[PDB]
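Take a look at the structure below.
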Amino acid sequence: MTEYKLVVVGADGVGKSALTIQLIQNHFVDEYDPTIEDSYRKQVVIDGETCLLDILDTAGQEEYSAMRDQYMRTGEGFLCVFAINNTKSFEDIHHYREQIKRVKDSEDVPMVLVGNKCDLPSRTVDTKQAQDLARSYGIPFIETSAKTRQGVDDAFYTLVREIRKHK
Ligand SMILES: Nc1nc2c(ncn2[C@@H]2O[C@H](COP(=O)(O)OP(=O)(O)CP(=O)(O)O)[C@@H](O)[C@H]2O)c(=O)[nH]1
Ligand SMILES: [Mg+2]
Numbered sequence: 001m002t003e004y005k006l007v008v009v010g011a012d013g014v015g016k017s018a019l020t021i022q023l024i025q026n027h028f029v030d031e032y033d034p035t036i037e038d039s040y041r042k043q044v045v046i047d048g049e050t051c052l053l054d055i056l057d058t059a060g061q062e063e064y065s066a067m068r069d070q071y072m073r074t075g076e077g078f079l080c081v082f083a084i085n086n087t088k089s090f091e092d093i094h095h096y097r098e099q100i101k102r103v104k105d106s107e108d109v110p111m112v113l114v115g116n117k118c119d120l121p122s123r124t125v126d127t128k129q130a131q132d133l134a135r136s137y138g139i140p141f142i143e144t145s146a147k148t149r150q151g152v153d154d155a156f157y158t159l160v161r162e163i164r165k166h167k
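Quick note on the deposited numbering: the sequence shown kicks off at 1 and runs consecutively.
Rendered as C-alpha cells:
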C-alpha cells in the first residue's frame, strides 16, 4: 500500500487544523484551539490507487519553531497554507518554503500553496498575487475553504500527485 507523508504548515490561525479536520471528518471547526502537533493516518483512493495518508497538523505558533526540522526531514510533501484575509500569513510562506528547502537540501520538494478562508469577503491577498508566487516556486496554487469544503480535497490530492509526480 503506498504511503504518503503530508505535512500541513503555515502561520498561526490560517486554518491548518480546520482544513485537516474538514478533509478527514467532513465538518467545520469554528473554535480556535492552538495546535502543538497532531497526526492522522487515513486511507483514501486517489486516481484508483489506495493511498495511506500520514497527515501531520503542525503548530503555527512561532514558539514551537524548533520542532520544525524534524517534521521537515520526515515529510514527503508540504501543504503551505496562508489565509486570503491575512497578509502576514502570505509573507510567512517564503520563510516556510526556504526552511523546507534547507532541511531537505533540495530545490524540488513536493509542495502546494493553499490560500484558505476563500469563503470570507475580507480578502487582503489578491488571487493573482498568490498565483504569481506559486508560479515563481514552480508549485500548484489552490484556494480553499475549510468551512464550505471548496478546494479541500483538491489541495490534499494535488499534493499526493506532486509526491507521486516527483516519484
Ligand atoms: N471562515 C473561515 N474560517 C476558518 C477557515 N479555516 C479556519 N477558520 C477559522 O480560523 C480559526 C483558526 O482555525 P485553525 O484551524 O485552528 O487554524 P490553525 O492554523 O490550525 C491555528 P494553529 O497554528 O495555532 O494550530 C478558527 O476560528 C477557524 O474556525 C475557513 O476556511 N473559513
Ligand atoms: Mg491548528
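Ideal Cβ placement from N, Cα and C applies to all residues, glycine included.
**Prompt:** Just how far apart, CA to CA, sit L79 and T35?
**Reply:** For the purposes of this step, residue 79 is taken as residue 79 along the sequence shown, with counting starting at 1. For the purposes of this step, residue 35 is taken as residue 35 along the sequence shown, with counting starting at 1. Those two C-alpha atoms are separated by around 16 Å.
**Asked** So what's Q43 in DSSP terms, helix, strand or just coil?
**Response** Sequence index remark: in the sequence shown, residue 43 carries index 43 (1-based). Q43 falls in the strand class under three-state DSSP.
**Request:** Give, in chain order, every unbroken run of the beta strand (DSSP E) that is at least 3 residues long and sits entirely within the segment 110-148.
**Result:** 111-116, 141-143
**Asked** Should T35 be listed as close to ligand 2, given that the test is whether its C-beta is under 6 Å from any heavy atom?
**Response** By 1-based counting over the sequence shown, the position of residue 35 is 35. Yes, ligand 2 has a heavy atom inside 6 Å of this Cβ.
**Asked** Taking just the CA atoms, how far does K5 sit from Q43?
**Response** One-based indexing of the sequence shown puts residue 43 at position 43. One-based indexing of the sequence shown puts residue 5 at position 5. Their backbone Cα atoms lie some 12 Å apart in a straight line.
**Request:** Could you tell me whether the segment 17-26 touches the segment 88-100, using the rule of 3 or more Cβ pairs below 8 Å?
**Result:** no
**Prompt:** Is it buried or exposed for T87, if we count other Cβ within 10 angstroms and need 16 for buried?
**Reply:** The residue you call residue 87 lines up with position 87 of the sequence shown. It counts as exposed.
**Asked** Does ligand 2 have even one heavy atom less than 6 Å from the beta-carbon of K16?
**Response** Locating residue 16 in the sequence shown gives position 16, counting from the first residue. Because some heavy atom of ligand 2 lies under 6 Å away, the Cβ of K16 counts as near it: yes.
**Request:** Use the C-beta contact count for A146: other C-beta atoms within 10 angstroms, 16 or more gives buried, fewer gives exposed.
**Result:** Here residue 146 corresponds to residue number 146 of the sequence shown, with the count starting at 1. It counts as buried.
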